[PDB]
Amino acid sequence: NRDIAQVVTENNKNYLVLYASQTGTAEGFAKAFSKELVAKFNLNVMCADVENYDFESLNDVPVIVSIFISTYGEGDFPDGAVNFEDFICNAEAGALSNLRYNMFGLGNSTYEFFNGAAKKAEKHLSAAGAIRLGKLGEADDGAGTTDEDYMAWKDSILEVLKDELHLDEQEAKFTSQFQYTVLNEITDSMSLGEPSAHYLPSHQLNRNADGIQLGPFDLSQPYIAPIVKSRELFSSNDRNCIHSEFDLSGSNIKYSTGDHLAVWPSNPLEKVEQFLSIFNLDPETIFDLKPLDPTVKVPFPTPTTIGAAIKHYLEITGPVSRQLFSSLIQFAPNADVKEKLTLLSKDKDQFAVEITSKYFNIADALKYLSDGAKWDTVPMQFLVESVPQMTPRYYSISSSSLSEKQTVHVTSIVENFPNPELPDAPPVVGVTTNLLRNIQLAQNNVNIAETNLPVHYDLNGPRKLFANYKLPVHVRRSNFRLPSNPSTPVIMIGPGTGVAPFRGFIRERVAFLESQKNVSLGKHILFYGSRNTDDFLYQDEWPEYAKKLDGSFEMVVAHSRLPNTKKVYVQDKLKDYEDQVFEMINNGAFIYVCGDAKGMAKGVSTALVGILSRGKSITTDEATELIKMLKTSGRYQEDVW
Ligand SMILES: Cc1cc2nc3c(=O)[nH]c(=O)nc-3n(C[C@H](O)[C@H](O)[C@H](O)COP(=O)(O)OP(=O)(O)OC[C@H]3O[C@@H](n4cnc5c(N)ncnc54)[C@H](O)[C@@H]3O)c2cc1C
Ligand SMILES: Cc1cc2nc3c(=O)[nH]c(=O)nc-3n(C[C@H](O)[C@H](O)[C@H](O)COP(=O)(O)O)c2cc1C
């Protein structure tokens with residue numbers, strides 16, 4: 047049931063594919079690998095998420111095992127796989143003597159401890175007597191080769207397994223893991239986009255005395271919340287950054303300052319049409335899925351309608367995998383298209399040249415190859431099993447839980463830029479952020495027709511559940527936390543939207559200090579950065595905070611795109627203030643680093659190592675050593691995405 051060795055064996059599984067994924071990138075790969083393993087060798091594969099089983103009986107698995115693992119924080123596994131991680135990292139010598147395995151790890155050489163989770167896992171497994179088949183995969187998200195790195199690894203590993211298991215190959219064909227059935231009418235027990243089953247009429251939400259919706263909210267059960275206040279934070283005519291405030295009072299959701307909110311999106315309507323159209327699918331088509339065996343888990347709530355699945359369940363937007371092309375060879379519209387497809391599916395460069403570079407979505411790519419010709423010979427089941435599941439997007443809460451107990455503010459820079467290849471094509475946009483903007487404009491009664499909103503969304507949702515600008519959401523507890531003692535000095539470094547956590551930190555300290563109106571607040575310094583003065587987040591708030599925190603606060607701003615001047619980064623300002631900074635560090639100061647800006651984590655860490663190197667007059671190595679210590683002792687925290 048939860049005993050891995052037992053489940054494999056009880057379902058006569060030939061192969062075991064395991065995956066530890068947060069954002070669901072490994073999940074998707076693991077699944078692709080399984081489908082190909084079944085298409086080519088007919089093997090009865092089990093594709094399990096390492097968080098739904100108890101690997102104590104791992105050494106009793108009579109089948110070869112593939113492990114897809116991602117990396118987060120210090121080279122470590124993704125929360126929600128901590129169990130799996132512990133089993134593996136606390137495995138004694140000769141504890142996995144029977145385990146034959148191969149693994150593909152996902153990473154980003156932009157971080158330190160690049161793919162350190164897969165690396166760590168591999169180090170323990172071998173040591174626990176487990177033999178590794180084929181090369182250790184290593185996807186580099188930083189270099190944007192993740193998908194190709196897989197393709198490469200995948201092919202080699204398949205030759206490794208063809209041998210080890212003496213498998214006879216066969217032209218690869220699709221084999222649904224479900225029993226696709228087409229219903230005739232919609233019920234209160236059938237979904238139309240509802241986040242989870244609990245929100246279907248036939249089910250009852252679990253409230254309490256005063257109706258407060260209860261239950262634990264997470265990836266399996268969100269909490270539809272109403273954005274009670276929105277506003278634009280920028281003032282540029284190109285970029286946009288929305289500030290959204292969610293009212294969580296209607297539930298029993300508590301959150302700590304420095305946590306994360308996960309927003310569950312819905313595809314933009316213009317993109318939903320495109321998908322439906324190129325495949326010639328009927329939105330209304332009611333269908334249902336029946337797992338063809340115990341280990342198969344239905345992807346979303348069913349029954350449901352095809353349009354409800356393409357608008358709420360599948361990630362119909364994003365980079366097209368070459369492997370997806372290779373999988374569509376079967377269902378190619380005509381012979382000429384079936385041809386172009388076969389070539390692109392094998393030539394890495396051609397695929398990048400004809401597809402990747404143009405920023406195509408699946409719909410677009412397919413339309414491109416077919417010149418409009420519809421792929422009406424593709425089964426919804428294929429799509430359900432071939433298009434990545436939609437996933438929630440995380441945000442760093444910018445509100446303090448001390449002064450906003452049940453209100454969560456979210457600072458979200460909008461992802462919407464012009465296609466660099468096709469000047470005439472629609473901008474490359476991001477689902478969730480442009481969604482939040484739509485709600486920001488709508489809610490604020492702005493003639494959207496005027497604005498530069500690239501797309502729009504169903505703002506009523508499933509059975510008007512999202513009625514009144516509400517979205518599925520849930521809090522993800524983190525370890526980004528202000529020092530226990532208020533007296534402790536604090537150093538916060540966050541460029542762009544990376545200030546979101548610190549807004550809260552500051553609001554938290556400002557709130558606390560007024561809860562005394568005694569306590570002297572240790573020094574707090576925030577190093578902010580942004581292009582110009584149009585993208586200066588909460589510019590008007592900071593001065594107001596400084597009044598209340600007096601000489602306990604200090605903000606240091608760097609701009610990188612001011613006309614007629616040198617480009618300035620926070621790590622530049624750190625060295626300018628290397629004495630104030632070095633002193634604080636010698637005072638038990640805590641160092642917080644948050645933001646995106648690829649290479650900003652390493653850069654900032656490297657500036658600190660230098661501030662330390664110079665300060666204590668030590669080598670650059672000793673200094674990086676001291677910095678690794680701060681990161682282990684929790685004095686140096688990071689929230690870099
Ligand atoms: C722990 C954590 C904390 C975070 N905190 C914050 C925060 O405080 N603030 C914040 O703004 N973000 C934060 N993020 C980032 C955020 O979760 C999302 O990455 C961001 O909002 C983008 O969302 P989206 O819906 O636009 O993305 P998606 O729709 O998934 O798009 C991603 C990008 O791909 C582009 N794209 C679209 N189609 C294609 C295509 N066919 N080919 C290639 N590219 C394409 C989009 O235009 C976009 O730029 C955080 C992430 C994590 C993991
Ligand atoms: C918050 C965050 C932290 C990360 N930390 C690391 C890291 O320390 N090392 C690394 O190689 N990659 C790191 N990555 C990148 C992931 O390993 C990479 O994006 C991978 O594709 C994620 O796959 P998943 O969606 O299956 O989790 C990080 C990504 C995020 C969002």
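Counting with the UniProt record's numbering, you get residues 47 to 563, 568 to 691 for the letters of the sequence shown.
Where is the CB? At the ideal position from N, CA and C, for every residue including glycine.
Exercise. By DSSP, does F397 sit in helix, in strand, or in coil?
Worked result: Here residue 397 refers to the residue found at position 351 when the sequence shown is read from its first residue. Three-state DSSP puts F397 in a helix.
Exercise. To which residues of the same chain is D622 closer than 7 Å at the C-beta, ignoring the five residues directly before and after it?
Worked result: The sequence position of residue 622 within the sequence shown is 572, counting from 1. Cβ neighbours of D622 beyond the five flanking positions: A608.
Problem set entry | Beta-bridge pairing of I539 - partner residues as DSSP gives them | Locating residue 539 in the sequence shown gives position 493, where the first residue counts as 1. Its beta-bridge partners are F577 and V643.
Exercise. With respect to 8 Å, is the separation between the Cβ of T479 and the closest non-hydrogen atom of ligand 1 below this value?
Worked result: Residue mapping note: residue 479 aligns to position 433 of the sequence shown, counting from 1. Because some heavy atom of ligand 1 lies under 8 Å away, the Cβ of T479 counts as near it: yes.
Exercise. DSSP state of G74, grouped into three classes?
Worked result: Numbered from 1 along the sequence shown, position 28 holds the residue referred to as residue 74. Residue state, collapsed to three classes: helix.
Exercise. Rounded to a whole number of angstroms, what is the C-alpha to C-alpha distance between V53 and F346?
Worked result: Numbered from its first residue, the sequence shown carries residue 53 at position 7. Numbered from its first residue, the sequence shown carries residue 346 at position 300. Cα to Cα, the separation comes out at about 22 Å.
For this session: Within 10 angstroms of the Cβ of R48, are there 16 or more other Cβ atoms? Answer buried if so, exposed if not.
Result: For the purposes of this step, residue 48 is taken as the residue at position 2 of the sequence shown. Under this definition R48 is an exposed residue.
Exercise. Exposed or buried, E215, counting other C-beta atoms within 10 Å across all chains shown (16 or more means buried)?
Worked result: Translated into positions along the sequence shown, residue 215 becomes position 169. Label assigned to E215: exposed.
Exercise. Are three or more beta carbon pairs between the region 443-458 and the region 365-379 nearer than 8 Å?
Worked result: no
Exercise. What residue does the beta strand (DSSP E) around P518 start on, and which one ends it?
Worked result: In the sequence shown, residue 518 corresponds to position 472, counting from 1. It is not in any beta strand (DSSP E) - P518 carries neither H nor E in the DSSP assignment.
Problem set entry | Where the beta strand (DSSP E) containing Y301 begins and where it ends | Along the sequence shown, read from residue 1 onward, the residue named residue 301 stands at position 255. Segment: none, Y301 is in no beta strand (DSSP E) and carries neither H nor E.
For this session: For the region 287-303 and the region 515-526, state whether three or more C-beta atom pairs, one from each stretch, are separated by less than 8 Å.
Result: A contact exists between the region 287-303 and the region 515-526.
For this session: Say whether the region 582-597 touches the region 540-558, bearing in mind that this needs 3 or more beta-carbon pairs closer than 8 Å, one atom from each stretch.
Result: Output reads yes: the region 540-558 touches the region 582-597.
Exercise. How about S155: is its Cβ closer than 8 Å to a heavy atom in ligand 3?
Worked result: With respect to ligand 3, the structure offers nothing, as its ligand set consists of ligand 1 and ligand 2.
Problem set entry | Neighbour-count burial assignment, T670, 16 or more Cβ in a 10 Å radius | By 1-based counting over the sequence shown, the position of residue 670 is 620. Exposed: under 16 other Cβ atoms inside 10 Å.
For this session: Could you tell me which residues DSSP pairs with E291 in its beta bridges?
Result: Start at 1 with the first residue of the sequence shown, and residue 291 comes out as number 245. Under DSSP, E291 forms a beta bridge with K275 and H455.
Exercise. CA-CA distance, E158 and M650?
Worked result: The sequence position of residue 158 within the sequence shown is 112, counting from 1. The sequence position of residue 650 within the sequence shown is 600, counting from 1. Counting only the Cα atoms, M650 lies some 11 Å from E158.
Exercise. Alpha carbon to alpha carbon, what distance is there between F512 and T437?
Worked result: Residue mapping note: residue 437 aligns to position 391 of the sequence shown, counting from 1. Residue mapping note: residue 512 aligns to position 466 of the sequence shown, counting from 1. Computed Cα separation, rounded: 18 Å.
Problem set entry | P108 versus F123 - alpha carbon distance | Start at 1 with the first residue of the sequence shown, and residue 108 comes out as number 62. Start at 1 with the first residue of the sequence shown, and residue 123 comes out as number 77. Cα to Cα, the separation comes out at about 25 Å.
Problem set entry | Local Cβ density within 10 Å of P466, reported as buried at 16 or more and exposed below that | Taking the sequence shown and counting its residues from 1, the one referred to as residue 466 is at position 420. Per the 10 Å Cβ criterion, exposed.
For this session: Output yes or no for whether 9 Å exceeds the beta carbon distance between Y118 and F150.
Result: For the purposes of this step, residue 118 is taken as the residue at position 72 of the sequence shown. For the purposes of this step, residue 150 is taken as the residue at position 104 of the sequence shown. No, they are not a contact pair.
Problem set entry | Environment of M538 [buried if 16+ CB atoms lie within 10 Å] | Within the sequence shown, residue 538 is the residue found at index 492, counting from 1. So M538 counts as buried.
Exercise. Is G239 closer than 9 Å to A271 when the C-beta atoms are compared?
Worked result: Taking the sequence shown and counting its residues from 1, one reaches residue 271 at position 225. Taking the sequence shown and counting its residues from 1, one reaches residue 239 at position 193. Contact flag unset, no.
For this session: Evaluate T233 with the Cβ neighbour count: other Cβ atoms within 10 Å of its Cβ, from every protein chain shown; 16 or more gives buried, anything less gives exposed.
Result: For this step, residue 233 is matched to residue 187 along the sequence shown. Counting Cβ neighbours within 10 Å, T233 comes out exposed, since fewer than 16 surround it.
For this session: Buried or exposed for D209, please, with buried defined as at least 16 other CB atoms from any protein chain shown within 10 angstroms of its CB.
Result: To locate residue 209, count along the sequence shown from 1; it is residue 163. With fewer than 16 Cβ atoms within 10 Å of its Cβ, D209 is classed as exposed.
Problem set entry | Three-pair Cβ contact test at 8 Å for the region 498-512 versus the region 320-337 | no
Problem set entry | Option in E591, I575 and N105 with minimal Cα separation from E604 | As a first step, residue 604 must be located in the sequence shown, where it is residue number 554. Shortest Cα-Cα distance from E604 to any of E591, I575 and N105 involves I575.
Exercise. According to DSSP, which residues form a beta bridge with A94?
Worked result: Translated into positions along the sequence shown, residue 94 becomes position 48. In the DSSP output, where bridge partners are listed per residue, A94 has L64.
Exercise. Relative to the C-alpha of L265, which residue among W310, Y61 and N283 is closest?
Worked result: Position 219 of the sequence shown, counted from the first residue, corresponds to residue 265. Comparing Cα-Cα distances from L265 to each of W310, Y61 and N283, the minimum goes to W310.
Exercise. Considering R48, what are the terminal residues of the alpha helix (DSSP H) in which it resides?
Worked result: Against the sequence shown, residue 48 aligns to sequence position 2. Where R48 is concerned, there is no enclosing alpha helix (DSSP H), because DSSP gives it neither an H nor an E.
Exercise. Which residues in the same chain as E168 place their Cβ atom closer than 6 Å to its Cβ, once the five residues preceding and following it in sequence are excluded?
Worked result: Locating residue 168 in the sequence shown gives position 122, where the first residue counts as 1. Correct list, in chain order: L182.
Problem set entry | Bounding residues of the beta strand (DSSP E) (the contiguous stretch that carries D125) | Residue 125 sits at position 79 when you count from the first residue of the sequence shown. From DSSP, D125 is part of no beta strand (DSSP E); its letter is neither H nor E.
Exercise. Is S116 helix, strand or coil when you go by DSSP?
Worked result: On the sequence shown, residue 116 is found 70 positions in, with the first residue counted as 1. Note: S116 maps to strand in three-state DSSP.
Exercise. How many Å lie between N506 and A137 at the Cα?
Worked result: Mapped onto the sequence shown, residue 506 falls at position 460. Mapped onto the sequence shown, residue 137 falls at position 91. About 50 Å.
Exercise. Which partner residues of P337 appear in the DSSP bridge assignment?
Worked result: One-based indexing of the sequence shown puts residue 337 at position 291. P337 pairs with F224.
Exercise. Nearest CA to the CA of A94: which residue from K86, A85, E102 and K77?
Worked result: Here residue 94 refers to the residue found at position 48 of the sequence shown. The candidate whose alpha carbon is nearest that of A94 is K77.
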